[PDB]
Amino acid sequence: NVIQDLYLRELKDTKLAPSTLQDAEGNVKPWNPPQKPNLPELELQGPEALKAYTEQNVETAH
Amino acid sequence: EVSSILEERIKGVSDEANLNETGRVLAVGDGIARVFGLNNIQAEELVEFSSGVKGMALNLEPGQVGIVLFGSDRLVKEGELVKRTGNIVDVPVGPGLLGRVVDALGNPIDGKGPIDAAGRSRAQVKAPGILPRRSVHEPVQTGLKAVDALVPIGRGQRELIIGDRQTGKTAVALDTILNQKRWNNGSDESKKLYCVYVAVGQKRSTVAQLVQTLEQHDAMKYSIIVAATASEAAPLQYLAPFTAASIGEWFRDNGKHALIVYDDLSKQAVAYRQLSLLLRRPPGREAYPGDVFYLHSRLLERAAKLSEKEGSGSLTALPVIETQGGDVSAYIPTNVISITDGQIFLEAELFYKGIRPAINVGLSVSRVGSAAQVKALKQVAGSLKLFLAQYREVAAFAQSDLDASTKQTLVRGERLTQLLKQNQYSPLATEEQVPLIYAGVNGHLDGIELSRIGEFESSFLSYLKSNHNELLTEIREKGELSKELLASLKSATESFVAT
Amino acid sequence: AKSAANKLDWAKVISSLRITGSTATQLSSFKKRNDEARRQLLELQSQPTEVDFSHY
Amino acid sequence: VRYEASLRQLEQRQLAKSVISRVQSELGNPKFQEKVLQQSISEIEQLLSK
Numbered sequence: 033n034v035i036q037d038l039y040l041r042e043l044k045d046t047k048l049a050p051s052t053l054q055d056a057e058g059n060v061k062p063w064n065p066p067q068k069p070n071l072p073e074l075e076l077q078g079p080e081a082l083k084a085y086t087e088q089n090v091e092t093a094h
Numbered sequence: 044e045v046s047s048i049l050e051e052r053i054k055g056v057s058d059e060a061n062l063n064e065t066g067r068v069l070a071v072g073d074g075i076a077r078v079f080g081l082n083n084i085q086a087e088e089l090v091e092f093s094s095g096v097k098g099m100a101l102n103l104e105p106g107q108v109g110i111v112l113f114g115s116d117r118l119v120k121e122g123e124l125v126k127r128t129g130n131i132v133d134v135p136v137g138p139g140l141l142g143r144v145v146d147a148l149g150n151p152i153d154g155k156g157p158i159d160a161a162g163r164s165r166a167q168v169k170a171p172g173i174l175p176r177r178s179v180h181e182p183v184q185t186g187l188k189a190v191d192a193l194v195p196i197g198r199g200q201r202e203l204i205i206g207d208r209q210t211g212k213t214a215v216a217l218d219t220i221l222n223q224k225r226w227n228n229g230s231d232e233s234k235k236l237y238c239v240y241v242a243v244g245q246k247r248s249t250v251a252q253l254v255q256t257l258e259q260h261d262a263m264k265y266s267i268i269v270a271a272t273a274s275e276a277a278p279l280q281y282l283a284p285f286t287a288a289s290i291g292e293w294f295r296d297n298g299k300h301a302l303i304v305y306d307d308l309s310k311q312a313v314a315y316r317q318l319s320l321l322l323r324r325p326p327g328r329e330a331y332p333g334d335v336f337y338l339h340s341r342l343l344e345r346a347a348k349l350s351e352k353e354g355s356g357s358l359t360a361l362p363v364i365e366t367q368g369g370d371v372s373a374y375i376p377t378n379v380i381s382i383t384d385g386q387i388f389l390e391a392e393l394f395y396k397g398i399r400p401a402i403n404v405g406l407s408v409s410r411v412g413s414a415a416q417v418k419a420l421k422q423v424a425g426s427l428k429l430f431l432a433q434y435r436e437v438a439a440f441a442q445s446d447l448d449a450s451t452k453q454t455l456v457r458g459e460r461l462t463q464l465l466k467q468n469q470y471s472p473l474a475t476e477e478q479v480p481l482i483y484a485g486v487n488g489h490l491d492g493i494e495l496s497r498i499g500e501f502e503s504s505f506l507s508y509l510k511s512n513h514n515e516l517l518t519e520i521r522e523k524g525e526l527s528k529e530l531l532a533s534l535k536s537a538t539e540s541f542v543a544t
Numbered sequence: 004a005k006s007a008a009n010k011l012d013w014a015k016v017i018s019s020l021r022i023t024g025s026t027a028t029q030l031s032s033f034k035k036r037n038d039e040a041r042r043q044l045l046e047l048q049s050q051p052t053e054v055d056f057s058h059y
Numbered sequence: 193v194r195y196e197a198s199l200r201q202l203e204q205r206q207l208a209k210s211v212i213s214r215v216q217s218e219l220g221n222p223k224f225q226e227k228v229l230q231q232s233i234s235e236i237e238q239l240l241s242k
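Going down the list, the sequences are from chains V, U, X and F. Under full-length UniProt numbering, residues 33 to 94 are what the first sequence spells out, in order. Under full-length UniProt numbering, residues 44 to 442, 445 to 544 are what the second sequence spells out, in order. Under full-length UniProt numbering, residues 4 to 59 are what the third sequence spells out, in order. Under full-length UniProt numbering, residues 193 to 242 are what the fourth sequence spells out, in order.
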């Protein structure tokens, strides 16, 4: 009765208002890239280090 | 979408039928509407006003039935139909309530849609009897090192968390909830404690913080938080632990395990006072309602540990009581202390002195004690209780020319006390409680200076994980420390201390 | 696993006590231990690589 | 996901206040009179059915 009236009115006479996906973007965190592979670069290459180390600390094992 | 759901909802309300009993408010004042009518009204039955507020009818008086309004006074106004809902206060209960913040009535206040529930059960049902209950026998590891060693907490036995005002009492409790995640996540259904936290009289902002904190530690998925906030009307606040107990019953009856932490019963008391005094029921001691011992006793005894006849369920409980200025002689604390079966007494001085959790080792007691505590943890921390006892006694002697014996106690004692601190809002697995405590007990860390105790703790854990996570896994799973395991442990500690 | 390398390492650390030649050698072993301990907790922390297209 | 859910909530309250606007229209109509007749016969049907 009143149920029917409400049902009728609600469904028919107004529905969803406008709302854009674009506007949504502002309110969410957007995807961004995982920049950089982050290559490590070789350290201590060559016997330059070795000659340095042999000479530098001469402290013997006790 | 939302339009479809609304269309479903309008369709989902249907025309009513003739509704037995009616009242007309005789006078409504003070949130205590007194209605003339309601010829047959069951005591404590829920009655719904014309306005839309709900109430229960605590006093059935000889000529008027005194409804107590569950909302703002303004809603009801003198003379107006008072419909009889016809079901004594009951709240939806079920497995489905897991993960929803619901109010005292049971309505979803989390806003995550309708609460799917498997039964509605009354909110005043009497506690398990003499023959249904079988003695406590399953540890509940709260994950705080101090609680787990000093004051063991077992399944199905209420233990108070009585302490000084706003010394982060709630924090001690919340920690217990977090540790239950470890057992909970798995597949062993004789291990999952499904906790329900009952926030009574806490500001809505505080309960929002609670909700967020639980979500942050990914803990809502075994939590139900019945929240009746400070704003909510004094009847709702009154029925809030009682309602909560009913939520717990589904877990207990269906044979799960669960822990319901009533926080804080001190505010529960205040709400009962408000109802009783306003209903003009005779006043009593310290202006607290006359039967106040009876009210608290009803709530707290619904906790139990069911016998193997009755499905071996449990319903551990942990009421939190706020001690106003630490006066444990006060009427509301004293009543509760008697009712409970244990105490944890958080002391403000300790809190200030940087011991957080601030359990005062002396004034806490566990009355179910050694039934709880993992067998492993029991073995290597019987000593811990005794050592700390000496440290307390010899504490005041720390003001000169002191015996070597006295000095030995002091070194060991200071190091232990420092060791038992736990960083706030992080639980610690039982399998790492047994190793850490082992070190202090065996005196390995006596040598380590106080400032480095903290660093040592974290280091020991990493060292244990790298060097022998075999040892850790054995400790965890065997759950009992055999002499061979203790042997390996002694070695491990020796190695760790050496580095 | 990584623990095999480290079991030999720490056995060697307490042996390295018995050599006084060490200066920063023990600090180099300590460093390898640090980052080794970091990678295991990194690896244990690991999220599933992609979002669930089923649920999420 | 968070904003999507928020947008659904925003929709639910928006279409709710629009429903209130339709209600104010409904109570004006002499449907207000005609539905009393519907209620009259409904109560007749109901109370006799008891």
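Note that the Cβ used here is the ideal one computed from N, Cα and C, for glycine as well.
Among residues of its own chain, excluding the 5 on either side of residue i, which ones have a beta-carbon nearer than 7 Å to its beta-carbon?
i: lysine 299/U; result: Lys235, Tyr237, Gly356
i: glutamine 184/U; result: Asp191, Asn222, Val417, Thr475
i: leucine 338/U; result: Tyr315
i: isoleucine 375/U; result: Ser309, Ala312, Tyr331
i: residue 60/X; result: As shown, chain X starts at 4 and ends at 59. That puts residue 60/X outside it, with no answer to give.
i: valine 486/U; result: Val423, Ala424, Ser426, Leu427
i: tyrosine 508/U; result: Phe541
i: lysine 5/X; result: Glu39, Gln43
For residue i, I'd like the list of residues in its chain whose CB is within less than 6 Å of its CB, leaving aside the five on either flank, ordered along the chain.
i: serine 533/U; result: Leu516
i: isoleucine 110/U; result: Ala76, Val78, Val90, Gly98, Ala100
i: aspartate 384/U; result: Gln200, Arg201, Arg410
i: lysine 224/U; result: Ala262
i: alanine 391/U; result: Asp207, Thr210
i: residue 443/U; result: You won't find residue 443/U in this model, because chain U goes from 442 right to 445.
May I ask you to list the residues that DSSP assigns as paired with residue i?
i: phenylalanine 388/U; result: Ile205/U
i: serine 357/U; result: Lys348/U
i: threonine 46/V; result: Answer by DSSP bridge pairing: none, since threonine 46/V is not bridged.
i: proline 400/U; result: DSSP, once it has assigned bridges, lists no residue as partnering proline 400/U.
i: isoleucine 364/U; result: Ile205/U
i: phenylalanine 92/U; result: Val125/U
i: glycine 72/U; result: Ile75/U
i: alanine 84/V; result: Its beta-bridge partners do not exist; DSSP assigns none.
i: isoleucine 196/U; result: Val183/U
i: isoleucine 268/U; result: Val144/U, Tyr240/U
What residue range is occupied by the uninterrupted beta strand (DSSP E) comprising residue i?
i: residue 443/U; result: Within chain U, the sequence of modelled residues goes 442 then 445, so residue 443/U has no position in this structure.
i: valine 241/U; result: 239-243
Spatial neighbours of residue i within its chain, please: C-beta separation below 8 Å, excluding the five flanking residues on both sides.
i: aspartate 146/U; result: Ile152, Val269, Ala270, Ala271, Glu275, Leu279
i: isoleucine 398/U; result: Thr462, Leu465, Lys466
i: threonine 65/U; result: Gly80, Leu81, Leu124, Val125, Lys126, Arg127
i: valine 408/U; result: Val194, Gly385, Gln386
Tell me where the alpha helix (DSSP H) around residue i begins and ends.
i: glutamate 226/F; result: 223-240
i: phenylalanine 33/X; result: 28-48
i: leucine 530/U; result: 528-543
i: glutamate 525/U; result: Counting along the chain, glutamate 525/U falls outside any alpha helix (DSSP H), and DSSP gives it neither H nor E.
i: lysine 97/U; result: Where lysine 97/U is concerned, there is no enclosing alpha helix (DSSP H), although the beta strand (DSSP E) it sits in stretches over 97-103.
i: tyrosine 508/U; result: 498-512
i: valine 486/U; result: 475-486
i: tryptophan 226/U; result: 212-227
i: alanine 4/X; result: Element bounds for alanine 4/X: n/a, residue is neither H nor E.
i: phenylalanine 430/U; result: 425-436
i: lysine 452/U; result: 449-464
i: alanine 93/V; result: No alpha helix (DSSP H) holds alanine 93/V; DSSP gives it neither H nor E.
i: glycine 58/V; result: 53-58
My parser needs the alpha helix (DSSP H) runs of 4 or more residues fully inside the segment 270-344 of chain U; what are they?
Listed in chain order, they are 277-297, 308-321, 335-343.
Along the segment 507-528 of chain U, what residues have a CB closer than 9 Å to any CB found in chain X? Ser507, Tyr508, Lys510, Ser511, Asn512, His513, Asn514, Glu515
**OP:** Could you please tell me which residues of the segment 54-79 of chain U, in chain order, have their CB closer than 8 Å to any CB of chain F?
**Re:** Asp58, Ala60, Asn61
field: Segments of 3+ residues assigned as beta strand (DSSP E) that fall wholly inside the segment 105-171 of chain U
entry: 108-112, 125-131, 133-136, 162-165
To be precise: take each residue of the segment 73-87 of chain V, compare its Cβ to all Cβ atoms of chain X, and keep it if any distance is under 8 Å. Which residues remain? none
* Interfacial residues, the segment 51-74 of chain V to chain U, with Cβ spacing under 8 Å -> Against chain U - using a Cβ distance shorter than 8 Å - the segment 51-74 of chain V contributes no residues.
Residues of the segment 18-48 of chain X in Cβ contact with chain V at a cutoff of 7 Å, in chain order, please. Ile22, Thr23, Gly24, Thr26
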